């Protein structure tokens, strides 16, 4: 009877419930409102979420992430060939052409299809909701990117069925974000909505039209390899060069564990820089037992990422051109994805749209789950949200 909305994200997942017309985004057992889409295998246990991301640098070969980049794809696809450079875990092709993720679990070699890894993330999100509700949860609405094909959607639905969920519907991420803001019920007449979704690994821009409660995806664009991890890498590359200038040319990049530890701290400092003018990147015994410390101003972060931030406007211009419409015709700009919290990105979008304030009242990394939760309640017969 109870239905949840799940954003099964590339890097982070989020679960919400819409009861009595209001939406609660549910915190996990660490108090986090989003959960890493990570699954790790050790000598003793299967870790999911925060626990899996937290030991990634200690167990790189057996820590799986990015299964969303493989779900519903053939191993031979050029996307898989190109993406696999980024993965410390092994991925091979089965006789059926499906990707097989290979890990060691309890001293044994184990293989998993992408939908099996995603089913474990979905199972964790289901359990996060169940702990909060104190009752079992069976029904769910799961979101997918607008460009996902039938194979990708079907495999995501299968991941839900494996997790023990009755998938009421698979819906588009940009549409879920628009539903979260009630833009389907907002007044009347045609409304042109731009969804600017910049997450941990991907960037998606979608131009929607809403006429009479019906959402149509007019045009989409973006970059499948532009997200928060690329901004973290700018801080990593800077710190690697700064360590060289401080420690007689010593190169941290020669040690992959030193890079991973630095990357964890670079991402934390990046988050701090979204609400403070300065942040510290500190790693004790980073490389050769040498302690590392550096202060980064928001201005230096903005400078390192200057081109990447400005280039987010290129897919915005593309969707407007494809939809044959002017930027002045966009009624609402919705900010989605954790990276939209970066002040410079918010300023660039506002300036592009001639001072129009973007819709950001909902925590951007929760807006998709929030909309999916609303849709789950509607599909369960609850008309209180409307």
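Positions refer to the first chain, counted from 1.
Using only the Cα atoms and their B-factors as the entry lists them, report which of 139-147 and 88-96 averages higher.
Of 88-96 and 139-147, the stretch with the higher C-alpha B-factor average is 88-96.
Higher average CA B factor in the deposited record is what I'm after, so tell me if that's 367-375 or 16-24.
Taking the mean B-factor of the alpha carbons in each, 16-24 is higher.
So if I compare the CA B-factors in the entry for 72, 174, 199, 187, which one is the largest?
Highest CA B-factor of the listed options: 187.
Would you mind finding, among 117, 240, 314, 170, the residue with the largest C-alpha temperature factor in the entry?
Largest recorded C-alpha B-factor: 240.
Residue 152's Cα B-factor: lowest, middle or highest third of the chain?
It belongs to the lowest third of the chain when residues are ordered by C-alpha B-factor.
Third assignment of residue 182 from its chain's C-alpha B-factors:
CA B-factor rank for residue 182: middle third.
Lowest, middle or highest third: which one holds residue 46 when the chain's residues are ordered by CA B-factor from the entry?
For residue 46, the deposited C-alpha B-factor lands in the highest third.
Based on the deposited C-alpha B factors for this chain, I'd like to know if residue 129 is in the lowest, middle or highest third.
CA B-factor rank for residue 129: middle third.
Sorting the chain's CA B-factors, does residue 80 end up in the lowest, middle or highest third?
Lowest third.
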